[PDB]
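[1] Kindly generate the corresponding structure for this input.
(2 chains)
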Amino acid sequence: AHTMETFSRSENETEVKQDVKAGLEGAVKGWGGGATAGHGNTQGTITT
Amino acid sequence: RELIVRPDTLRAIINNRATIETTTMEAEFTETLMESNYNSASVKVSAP
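    Numbers count the residues shown, from 1 in each chain, chains lettered A, B, ... in the order given. See below for the structure:
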């Protein structure tokens, strides 16, 4: 009797994040103002 | 239809080497992709 068993497994995982933020403000003689902006990006990957 | 005449005997050899063979193969594959975004904007204006 002869038995042969072979097993292989590969797991790969990847994650990327990227956040950007910006802002502005100012006022003269009470004529005020402000602004703000943002951006995001998240990418994941799982391979088995 | 019978092509040849029935013989009185047969030439034979004996072989009793029994064999059992089993093969199993399994394969799996998984692939997950994830993405996400966000955008933000804020604005403000002022006066007295």
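
[2] alpha carbons only for contacts and neighbour counts from here, please
    Noted.

[3] Which residue lies nearest the spatial centre of chain A?
    Nearest to the mean C-alpha position of chain A, by CA atoms, centre = their mean, lies residue A:17 at 2.0 Å.

[4] pretty sure it contacts residue B:35?
    No: if you go by CA atoms under 8 Å, residue A:17 and residue B:35 don't touch, sitting 9.9 Å apart.

[5] on that earlier part again, where's the residue nearest to the centre of chain A, which helix or strand?
    strand A:12-28 (DSSP states H and E).

[6] Which elements pack onto that strand?
    strand A:31-47 (3 or more CA pairs under 8 Å, 6 or more residues apart in numbering or on different chains; DSSP states H and E).

[7] Partner strands of the strand it packs on, with direction?
    strand A:12-28 (antiparallel), strand B:31-45 (antiparallel) (DSSP bridges).

[8] Buried ones in it, by neighbour count?
    By neighbour count on 16 or more other CA atoms under 10 Å in any protein chain shown, the buried set for strand A:31-47 is empty.

[9] can you give me the offset of it from its chain's centre?
    10 Å (CA atoms, centre = their mean, to the nearest Å).

[10] same deal with stretch B:16-34?
    7 Å.

[11] anything in contact with each of residue A:17 and residue B:35?
    Contact with both residue A:17 and residue B:35 is made by residues A:41-43, according to CA atoms under 8 Å, 6 or more residues apart in numbering or on different chains.
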